[PDB]
Amino acid sequence: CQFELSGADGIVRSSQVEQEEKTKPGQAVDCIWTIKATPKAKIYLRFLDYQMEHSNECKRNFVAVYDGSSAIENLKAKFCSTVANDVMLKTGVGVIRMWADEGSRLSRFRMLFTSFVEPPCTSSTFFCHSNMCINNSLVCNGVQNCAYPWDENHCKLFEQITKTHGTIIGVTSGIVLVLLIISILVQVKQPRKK
Amino acid sequence: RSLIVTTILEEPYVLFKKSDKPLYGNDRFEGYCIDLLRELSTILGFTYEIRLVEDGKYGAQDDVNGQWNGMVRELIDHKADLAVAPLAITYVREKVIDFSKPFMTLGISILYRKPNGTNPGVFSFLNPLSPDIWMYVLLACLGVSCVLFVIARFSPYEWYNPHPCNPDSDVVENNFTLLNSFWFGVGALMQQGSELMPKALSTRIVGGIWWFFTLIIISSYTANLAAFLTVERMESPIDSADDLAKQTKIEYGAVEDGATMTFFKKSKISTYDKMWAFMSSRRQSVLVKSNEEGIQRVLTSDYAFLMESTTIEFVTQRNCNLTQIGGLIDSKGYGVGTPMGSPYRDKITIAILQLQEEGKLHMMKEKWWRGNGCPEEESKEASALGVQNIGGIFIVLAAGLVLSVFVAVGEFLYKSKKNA
Amino acid sequence: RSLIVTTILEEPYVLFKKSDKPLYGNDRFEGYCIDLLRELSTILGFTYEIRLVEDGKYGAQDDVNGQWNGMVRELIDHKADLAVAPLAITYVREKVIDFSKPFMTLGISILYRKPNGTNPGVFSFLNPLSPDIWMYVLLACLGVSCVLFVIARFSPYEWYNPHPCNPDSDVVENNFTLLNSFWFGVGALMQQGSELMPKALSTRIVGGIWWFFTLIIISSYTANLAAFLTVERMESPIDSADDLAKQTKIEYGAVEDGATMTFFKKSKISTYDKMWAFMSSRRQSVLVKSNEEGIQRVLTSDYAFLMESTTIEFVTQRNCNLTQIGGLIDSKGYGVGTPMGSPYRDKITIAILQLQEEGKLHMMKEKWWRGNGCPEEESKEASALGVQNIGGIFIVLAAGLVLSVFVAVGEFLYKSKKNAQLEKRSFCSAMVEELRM
Amino acid sequence: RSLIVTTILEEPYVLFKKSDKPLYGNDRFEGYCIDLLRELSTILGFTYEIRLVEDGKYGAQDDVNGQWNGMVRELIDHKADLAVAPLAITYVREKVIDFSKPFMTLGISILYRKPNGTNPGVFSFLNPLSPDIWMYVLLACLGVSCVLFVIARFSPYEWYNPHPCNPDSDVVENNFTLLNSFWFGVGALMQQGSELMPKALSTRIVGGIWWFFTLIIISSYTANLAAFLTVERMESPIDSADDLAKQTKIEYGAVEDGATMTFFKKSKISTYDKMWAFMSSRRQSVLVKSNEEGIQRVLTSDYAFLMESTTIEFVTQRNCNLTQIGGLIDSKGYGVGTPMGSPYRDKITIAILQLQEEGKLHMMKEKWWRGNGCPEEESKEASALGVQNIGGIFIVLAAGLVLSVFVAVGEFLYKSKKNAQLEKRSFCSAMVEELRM
Amino acid sequence: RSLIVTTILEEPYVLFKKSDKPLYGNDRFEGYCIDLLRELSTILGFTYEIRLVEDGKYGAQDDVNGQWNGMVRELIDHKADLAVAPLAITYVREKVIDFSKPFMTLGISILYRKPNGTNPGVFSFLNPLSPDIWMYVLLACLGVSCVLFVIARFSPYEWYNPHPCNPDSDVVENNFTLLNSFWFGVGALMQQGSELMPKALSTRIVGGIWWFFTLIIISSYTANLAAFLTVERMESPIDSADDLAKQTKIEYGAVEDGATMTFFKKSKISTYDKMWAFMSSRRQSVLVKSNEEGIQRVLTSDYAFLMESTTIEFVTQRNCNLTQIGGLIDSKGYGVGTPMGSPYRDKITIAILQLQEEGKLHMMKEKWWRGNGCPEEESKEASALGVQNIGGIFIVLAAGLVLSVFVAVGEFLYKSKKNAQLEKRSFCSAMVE
Ligand SMILES: *[C@@H]1O[C@H](CO)[C@@H](O[C@@H]2O[C@H](CO)[C@@H](O[C@@H]3O[C@H](CO)[C@@H](O)[C@H](O)[C@@H]3O)[C@H](O)[C@H]2NC(C)=O)[C@H](O)[C@H]1NC(C)=O
Ligand SMILES: *[C@@H]1O[C@H](CO)[C@@H](O[C@@H]2O[C@H](CO)[C@@H](O[C@@H]3O[C@H](CO)[C@@H](O)[C@H](O)[C@@H]3O)[C@H](O)[C@H]2NC(C)=O)[C@H](O)[C@H]1NC(C)=O
Ligand SMILES: *[C@@H]1O[C@H](CO)[C@@H](O)[C@H](O)[C@H]1NC(C)=O
Ligand SMILES: *[C@@H]1O[C@H](CO)[C@@H](O)[C@H](O)[C@H]1NC(C)=O
Ligand SMILES: *[C@@H]1O[C@H](CO)[C@@H](O)[C@H](O)[C@H]1NC(C)=O
Ligand SMILES: [Ca+2]
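- This deposited entry lists cryo-EM as its structure determination method and 3.9 Å as its resolution.

Pasting the structure below:
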């Protein structure tokens with residue numbers, strides 16, 4: 001069930017098992033993910049939704065992140081609690097695992113990874129945070145993909161016509177007033193003394 | 001020894017601590033209701049087994065079965081001990097449990113959205129003047145017009161000679177007719193004035209006094225309008241429990257058959273029997289699922305929800321967009337359970353009283369109920385006036401125009417008929 | 001056997017059934033606590049006799065002997081089995097006695113007279129300007145009018161040629177009479193403007209200076225009125241003890257040695273700490289040794305006089321001029337004292353919870369607090385602005401009308417005597433001639 | 001003998017000498033502490049060799065073994081006995097190390113984007129009424145004027161006998177043209193009056209309604225403008241920590257765990273406790289990790305960024321828009337670390353006291369802070385109200401005058417080419433005739 | 001064994017207890033410094049007898065025989081011990097006795113009276129609009145009137161043949177003369193207007209634009225004056241040492257034989273030499289005997305004063321008339337006295353640092369320098385206006401009358417000389433008739 005997930009950014013889908021390997025929830029389930037950034041780029045992992053509700057103890061259900069290849073050499077962090085910190089993948093190879101144990105009703109594991117933390121800044125790339133020039137197309141792509149707001153963040157006469165119906169009633173009154181003016185000119189030029 | 005306390009996952013009472021590394025043992029839980037228990041252990045001497053209940057359920061029996069699913073079971077079957085958690089001291093439980101003395105009181109109160117500064121805009125005018133004066137100014141204008149006319153007729157100096165170059169004529173000119181006096185009266189109210197200025201020092205006194213009265217009126221109206229638009233304080237439509245009854249426009253509600261309905265049922269004060277009659281009338285949406293959806297539907301529309309006082313004192317501190325209109329209606333007491341006949345009662349009530357009258361309880365309550373507080377809804381009065389604030393004048397103008405057309409055609413036919 | 005029930009005498013709690021003939025037994029005593037006792041005795045089915053406590057006080061531990069007093073003492077030594085009185089629940093008392101669950105709660109809230117129903121001002125036309133300015137303006141109006149007249153009499157560009165037929169305007173007057181100049185000055189002052197419009201520079205400069213003076217005066221007046229009204233509107237009445245903390249113009253109050261001052265000194269919360277410091281600094285400057293004298297001190301000055309909530313409810317219902325502000329600073333209940341060991345406490349607790357579930361004790365409370373509560377409904381303090389009482393007097397208009405009528409009739413008499421040359425002769429003819437129009 | 005001193009690279013304190021040709025040893029450093037050590041050497045006669053800690057950190061207690069690193073580590077050991085660099089004097093750093101008197105004073109203080117300016121739009125005079133009523137007002141003026149004109153041209157009352165002494169002639173007409181009615185309406189809207197006197201019922205009633213409209217519009221405009229000015233004038237910009245604490249919109253912050261936020265962590269004071277509560281409520285929404293990132297955050301947003309005083313001075317005097325707000329929340333001293341058993345501690349305390357007595361180190365403050373401490377004070381920004389930068393658009397007058405002269409010359413040509421029926425015939429005659437008179 | 005603590009009687013540091021009779025014993029000095037001493041004793045473990053010094057002194061050097069009158073004198077004799085009290089950390093004192101790490105820091109600061117706002121006459125009424133717009137408006141009025149006059153000549157129809165009742169003669173005559181054009185302008189600025197309103201079209205646009213300008217100006221003026229008259233943010237003239245270092249309306253101060261000038265003399269520094277030169281000039285009203293005299297003098301005159309950074313805080317937090325302005329100038333230290341080589345030096349410095357890191361010292365400072373606090377200076381902007389605030393318009397009016405009279409007699413003699421010779425007798429008859 002090890003599914004590759006590599007590029008510049010992406011979302012590890014919340015409980016992506018129904019289509020890759022549709023496993024029965026009765027048996028314990030687990031699927032690992034491998035991440036590769038662009039050449040010469042490290043990874044930043046930021047959870048967007050995470051709730052392992054069925055316990056605050058971890059012999060059954062949890063999510064873990066390992067650095068480098070998918071080996072036991074050095075666990076970056078296994079997260080077993082309400083909240084989940086962001087993490088820095090020193091290497092360029094990602095490891096994401098979730099262990100479930102007849103607890104498939106777990107809310108989700110859902111995160112987002114951003115590449116190019118290592119890349120030195122250049123005119124082509126964008127600075128958001130300290131050693132975080134990440135731009136290949138990432139500038140304001142609709143996702144909060146930098147450590148705190150900075151990158152995708154607040155980069156970006158007809159108003160008076162766009163009224164709900166004040167403009168409509170105003171222009172109806174304007175037609176009335178044009179009728180009035182055109183009528184007025186008639187007796188501007190028509191009548192005289194007596 | 002060790003004691004099996006029992007709590008529940010209420011919102012600001014006992015909630016899982018927020019951390020990242022795993023928590024082990026009795027350090028997972030966190031809240032006011034369990035640090036109360038910590039103080040109790042410090043003053044008495046305990047040993048903690050904070051074990052939750054089977055299924056989240058305040059102990060409430062089933063009449064047919066005769067079982068007591070909830071904390072009542074673990075307080076009866078001795079599989080637990082004192083169950084420090086919000087547990088209303090009600091009559092039916094008291095037979096088969098023992099409750100300590102309450103450590104805080106309760107009651108059911110209203111919940112409503114505070115008003116926001118959007119004036120009706122129909123007539124946002126005549127506000128900075130009582131309508132009494134608005135009527136008096138018109139009737140005084142009529143009175144001064146009439147008296148000015150009367151003074152004008154009974155005067156020697158109010159008669160001009162038309163054709164003044166010809167001194168052989170009559171003196172019929174008076175510059176004051178049945179309508180001219182009224183016209184000048186109204187025209188001096190608004191700071192332009194007609195061209196019918198008096199000539200006799202007997203009526204120019206009236207002119208001057210009328211000028212003074214209108215100057216004061218206008219220069220005070222402007223001041224009052226500026227005062228209202230500068231320091232504006234909006235007030236609630238309803239401000240009492242009784243006001244909800246005999247109103248029949250707010251369409252309040254309550255939780256479906258929870259604890260509020262239990263009170264309103266059988267409540268024979270009859271000040272809330274009208275309340276219950278209206279609730280049971282529209283028993284499709286006024287009685288709603290739970291507290292979250294209740295406050296949701298309150299946020300949606302005018303909906304005076306009705307629930308326990310402490311959860312109000314909590315949720316109105318986070319979402320400072322609502323208000324606790326009214327005071328108190330009833331009183332319950334959250335207590336500390338204990339098995340029937342256990343000696344903990346008399347050894348724990350004394351500790352509760354010690355904490356209560358030693359002053360730590362109020363700080364304990366405030367440390368959890370506080371929240372952010374009251375934000376800066378105080379310096380906010382920077383907005384341009386719009387049609388939502390000035391709309392009546394255009395309506396008055398249209399009415400004046402149509403009345404002008406009507407009276408114009410009427411007078412035209414009047415004169416033509418009189419000639420014919 | 002029967003039950004020997006002790007009791008205390010208190011204003012709204014236990015009273016004497018007001019009677020003339022001598023009655024005795026458990027019938028002299030009548031009150032809310034008596035209602036509760038009768039109800040719970042009917043519920044629990046007992047027979048009772050009533051005895052007042054002789055020493056006549058709640059009771060406290062006398063340190064010199066470590067021995068109880070009053071109610072607590074007469075209860076501890078099994079002389080009496082029950083005590084249906086507002087016996088407060090507290091640490092020192094609970095350690096020796098046994099109570100039920102409280103049949104009511106209370107607090108320590110703030111007495112305060114409602115602010116005299118939004119005190120109105122009358123004859124406030126001229127409030128924003130001190131009277132000296134008004135007198136100066138009147139005198140300056142007179143002076144500039146007469147000066148305008150004087151230069152309007154001695155200068156070349158005065159005489160007006162009415163017809164365009166090169167005539168000689170040898171008339172004594174052309175455009176300025178004393179009344180006309182005076183009332184042009186007044187009209188220019190009053191923002192309406194008149195027709196006596198100057199031509200010569202000599203009068204033009206006077207007119208310009210006068211107009212500038214009028215704009216300064218009127219704009220100053222309007223701004224001052226807006227300032228007064230916004231200052232009045234901005235201030236807010238006190239509605240919490242925290243306002244009593246920050247604000248210090250009004251004064252607190254307390255019955256020291258009544259454990260309220262003791263509550264404040266023993267407290268550690270910021271606002272109560274600073275108010276306790278305030279009373280300590282004042283040290284009988286604002287302090288009270290009873291209730292009624294404190295009530296009167298509130299009735300005579302901006303006095304807070306913090307009191308327990310129940311008596312505050314009673315007072316603010318008997319009277320209608322002083323009402324509580326804020327909520328409940330502190331909480332503490334009441335009870336029904338029973339000895340250290342009594343199989344009556346469990347059933348009395350069951351009964352109190354029963355009555356509370358039916359809410360009957362609320363009915364007795366409203367019968368005795370609200371029962372005397374609202375037979376003297378005064379008003380609702382109608383809240384509005386721009387009312388006729390404040391800056392809405394029309395009496396100056398009436399004075400103008402009166403003086404106009406008098407002046408009109410006076411100069412009509414002048415037109416009669418000095419221009420028809422006969423008294424009581426031109427009267428009837430003149431008024432008949434001029435009445436038809 | 002020769003002594004050894006160990007320092008740190010810092011922003012204003014100990015910089016490496018800026019040059020292109022190589023520089024060496026004691027002659028390759030510059031800044032504050034180098035000058036201070038130079039004066040200490042001149043006042044005590046040392047032989048100092050300067051060097052850095054390979055770790056290059058303040059040095060702090062490490063919980064892995066209870067050991068230390070950096071200056072503290074090498075100073076408990078013996079590689080040097082002096083450290084002339086900002087090294088906060090704290091309990092953990094005082095238990096083992098020996099410190100001299102503080103030669104400078106520190107403190108955590110907030111930093112804030114100063115009020116940038118008024119940011120005035122010259123059309124701010126047009127602000128109090130929304131840009132929807134104005135077109136309503138203009139179109140209503142057109143409509144009311146045209147209705148007045150059309151009524152005045154059809155009425156059995158309006159037509160008037162012209163002659164001043166009229167013996168029943170037959171030359172009657174009205175006086176209302178399009179221009180007359182239009183400018184009557186404009187004047188009434190403008191409150192300066194007009195020339196026409198409405199006579200019939202219809203014209204007078206429409207005039208009265210129009211007057212009522214104009215009066216309330218003008219009064220509401222003045223009221224709203226006064227509202228803006230008197231609600232802006234009573235705004236209170238933040239000037240202290242507690243006043244900041246009451247405020248909510250401006251998010252807080254600090255460099256996390258840099259011994260600054262920890263002060264809020266372990267504090268006991270109520271105001272700082274609620275500060276820390278807000279800190280924890282936001283919790284990496286606003287808690288910056290590095291100084292310069294927070295600096296840019298405050299530049300581009302509203303923020304506080306509580307950080308130590310000296311760096312705030314070094315930044316504010318090296319930039320603009322940033323204002324030192326408030327005072328000194330805490331108190332630390334910058335000593336000169338020494339080992340326990342050493343004679344130089346007392347000698348150096350005497351030396352630096354002598355330095356501080358003369359104000360010499362205040363002059364070092366001037367040199368490394370103030371010499372570049374007023375290169376960016378553009379002005380002192382004399383504050384007041386009622387300037388031409390707000391509501392001072394005279395360009396309206398310019399447009400009016402140019403349009404008026406354009407239409408004037410256009411109609412001047414019109415009356416010659418068309419009304420005189422021939423062009424160029426009477427140009428020069430017209431100018432001469434209307435010029436020489 | 002107990003300690004031999006010494007203490008000087010400084011007011012907001014040590015105090016004789018409020019009550020007297022049931023309080024007899026040499027353990028009844030209390031105050032902030034006493035709180036520090038007691039907490040120090042608890043955290044260290046010892047007892048102290050608080051013996052007052054025989055001669056009231058911080059301590060001071062005496063040149064004649066090295067005498068050190070004050071607690072310093074006996075503090076080298078070892079007759080006493082740790083002496084918590086105000087005691088500077090100056091160079092000369094450190095030479096003979098040891099010190100500790102200061103428990104607070106202070107300097108010299110400016111003491112001055114709070115602004116009051118008895119605002120002047122003439123300036124006050126036209127204050128709202130800044131003097132720029134006033135002259136802009138006068139010039140604009142002159143220019144608008146002049147251009148109206150210019151366009152009047154070019155106007156086609158203003159030529160209106162007076163009395164057109166007889167068209168007999170084409171007497172084409174004028175209106176909108178330059179004099180009356182300026183009159184129309186100046187009477188249009190003020191909200192009354194003449195009767196010479198435009199009777200043509202091209203001039204009517206100028207009239208309308210002028211009317212709009214007048215309305216905008218008057219409404220804005222009223223709004224801004226009603227703004228100033230309900231907020232009234234008073235402003236202080238001096239706000240820094242260099243600020244009053246160059247003015248002369250405000251006078252400096254000092255304390256007789258006070259350390260303030262001792263530092264402030266031989267300043268050698270950029271700006272402070274100037275004010276020492278000034279007080280050197282008038283050394284008769286600058287100095288006062290002690291701090292209390294300076295307080296009284298600043299309460300009397302417009303008298304800027306120069307005491308320390310703490311006593312200013314103590315005085316200004318109990319008498320809400322003064323105000324601490326500027327900031328710090330110098331830095332000194334308050335520590336604890338002790339003889340050389342005593343074991344208590346580091347043992348007390350560690351405790352003081354511990355307390356200062358715990359925040360205890362801040363709580364003691366706040367509680368012993370709190371006072372009632374600054375009162376509510378808010379609910380008082382209800383002031384009926386008086387001549388004190390608008391009076392200048394009356395002077396303007398008087399100037400108008402006098403200039404009017406002078407111009408009237410001038411134009412009278414102008415007409416007279418248009419008629420007859422310089423010597424006047426007939427015009428006397430004209431005046432009499
Ligand atoms: C407080 O400010 C908000 C901001 O606009 C306003 O609340 C508004 O309240 C009204 C009802 O009081 C909402 O009207 C709508 O009515 C329809 C009727 O079917 C219903 O479907 C909607 O769900 C809603 O109830 C209006 O939407 C709501 N505004 C917003 C933005 O939700 C109002 O100005 C202030 N509140 C009050 C009670 O005046
Ligand atoms: C604000 O109000 C205070 C309180 O009245 C004003 O203080 C007054 O200041 C003047 C100096 O401008 C003092 O004048 C002095 O008077 C004494 C005797 O009265 C005389 O011996 C001195 O030579 C000097 O002339 C005046 O005494 C003082 N008021 C009091 C009650 O002492 C203050 O001027 C007002 N304005 C400001 C801006 O502070
Ligand atoms: C209300 O009346 C009482 C006495 O009748 C008086 O003492 C009090 O001052 C009045 N209220 C106010 C606000 O003046
Ligand atoms: C308040 O009203 C009550 C009776 O209505 C009475 O005490 C008195 O008239 C008032 N007391 C005041 C104003 O102090
Ligand atoms: C106003 O403040 C903003 C802060 O983002 C700044 O960019 C801008 O330059 C300022 N404007 C002026 C006129 O100072
Ligand atoms: Ca006018």
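**With respect to the UniProt feature "binding site: L-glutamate" in chain E**
Residue and element names in this part refer to chain E.
Alright, step 1. UniProt records the feature "binding site: L-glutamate" at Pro86, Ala88, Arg93, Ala259, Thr260 and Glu308, using the numbering of this structure.
Alright, step 2. With respect to the element layout, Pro86 can be found in the loop between β7 (83-84) and α3 (91-96).
Alright, step 3. When sequence neighbours within four positions are dropped, the list of residues in contact with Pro86 reads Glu10, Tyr13, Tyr58 and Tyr334.
Alright, step 4. Along the chain, the position of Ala259 falls in helix α9 (residues 259-264).

**What to know about the domain arrangement of chain E**
Alright, step 1. Taken domain by domain, chain E consists of domain 1 (2-105 + 332-368), domain 2 (110-116 + 235-325), domain 3 (122-231) and domain 4 (395-432).
Alright, step 2. Just the C-alpha atoms count here: the centres of domain 3 of chain E and domain 4 of chain E sit 28 Å apart.

**A look at the sheet that holds strand β1 (residues 3-7) of chain C**
Residue and element names in this part refer to chain C.
Alright, step 1. Here we have three strands laid out as an open sheet, ordered β4-β1-β5, and parallel in their pairing. Bordering the open sheet on either side are β4 (48-52) and β5 (82-83), each of which pairs with just one other strand.
Alright, step 2. For β1 and β5, the ladder comprises two bridges, and the chain directions are parallel. Paired with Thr6 across the strands is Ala83, a residue of β5.

**Examining the UniProt feature "transmembrane region" in chain A**
Alright, step 1. According to UniProt, the "transmembrane region" feature falls on residues 166-186 of chain A.
Alright, step 2. End C-alpha atoms of residues 166-186 of chain A are separated by 30 Å, and the span's content is 100% helix alongside 0% strand.

**Description of the UniProt feature "disulfide bond" in chain A**
Residue and element names in this part refer to chain A.
Alright, step 1. The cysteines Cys1 and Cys31 carry a UniProt disulfide annotation, and their SG atoms are 2.0 Å apart, under the 2.5 Å mark, so the bond is there. Pair noted here: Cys1 is in the segment before β1 (3-4) and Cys31 is in strand β3 (residues 30-36), with a separation of 30 residues, a long-range link.
Alright, step 2. With an S-S distance of 2.0 Å, the disulfide that UniProt assigns to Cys58 and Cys80 is formed in this structure. Here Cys58, found in the loop between β4 (43-50) and β5 (62-67), pairs with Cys80, found in the loop between β6 (75-79) and β7 (87-89); they are 22 residues apart in sequence, far enough to count as distant. Taken as a pair, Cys58 and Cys80 share a single burial class, namely buried.

**Regarding the site of ligand 4**
All names here are of chain C.
Alright, step 1. Around ligand 4, the structure places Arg113, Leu299, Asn319, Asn321 and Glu378.
Alright, step 2. Between an oxygen atom of ligand 4 and a main-chain N or O atom of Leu299, the distance comes to 3.0 Å.
Alright, step 3. Measuring from an oxygen atom of ligand 4, one finds a side-chain N or O atom of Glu378 at 2.4 Å.
Alright, step 4. Considered on its own, ligand 4 offers 360 Å² of accessible surface; in the complex 53% of this is hidden by protein.
Alright, step 5. Looking at the shell around ligand 4, its residues break down into one nonpolar, two polar and two charged.

**Some points on unusual backbone geometry**
Alright, step 1. Of note in this structure, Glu102 of chain A is not a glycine but carries a positive phi near 40 degrees.
Alright, step 2. Within the secondary structure layout, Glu102 of chain A lies in the loop between β8 (93-99) and β9 (109-114).
Alright, step 3. Non-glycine residue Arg283 of chain C carries a positive phi angle of around 55 degrees.
Alright, step 4. With respect to the element layout, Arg283 of chain C can be found in the loop between α9 (270-282) and α10 (292-300).

**Brief notes about the domain arrangement of chain A**
Interfaces are often described in size by the accessible area the parts lose on coming together.
Alright, step 1. Each assigned domain of chain A is listed here: domain 1 (3-114) and domain 2 (158-189).
Alright, step 2. Its C-alpha centre places domain 1 of chain A at a distance of 65 Å from the equivalent point of domain 2 of chain A.

**Considering helix α10 (residues 272-281) of chain E**
Residues and elements named next belong to chain E.
Alright, step 1. Taken together, the buried positions of α10 are occupied by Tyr272, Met275 and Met279. The arc that holds every buried residue of α10, seen down its axis, measures 65 degrees, which confines them to one face.
Alright, step 2. Where α10 is buried, its residues meet α8 (241-244) and α9.

The rules behind the values
- Residues numbered from 1 in each chain as written, not as in the entry; some residues may be left out.
- Chains lettered and ligands numbered in written order.
- Heavy atoms only, no water.
- Residues with missing side-chain atoms left out of burial classes, pairs and counts.
- UniProt positions renumbered as here; feature names shortened; annotations may be inferred.
- Helix = DSSP H or I, 4+ residues; strand = E, 2+ residues; numbered from the N terminus.
- Contact = heavy atoms within 4.5 Å.
- Domains from an automatic or database assignment.
- Pairing = 2+ DSSP bridges.
- Disulfide = S-S within 2.5 Å.
- Buried < 20%, exposed > 50% of the residue type's maximum accessible area, 1.4 Å probe, protein only.
- Near = heavy atom within 4 Å.
- Polar contact = N/O pair within 3.5 Å; in protein donor to acceptor, adjacent residues only side chain to side chain.
- Areas by Shrake-Rupley, 256 points an atom, 1.4 Å probe, with all protein chains shown as cover.
- Nonpolar A, V, L, I, M, F, W, Y, C, P; charged D, E, K, R; others polar.
- Arc of directions from axis to C-beta.

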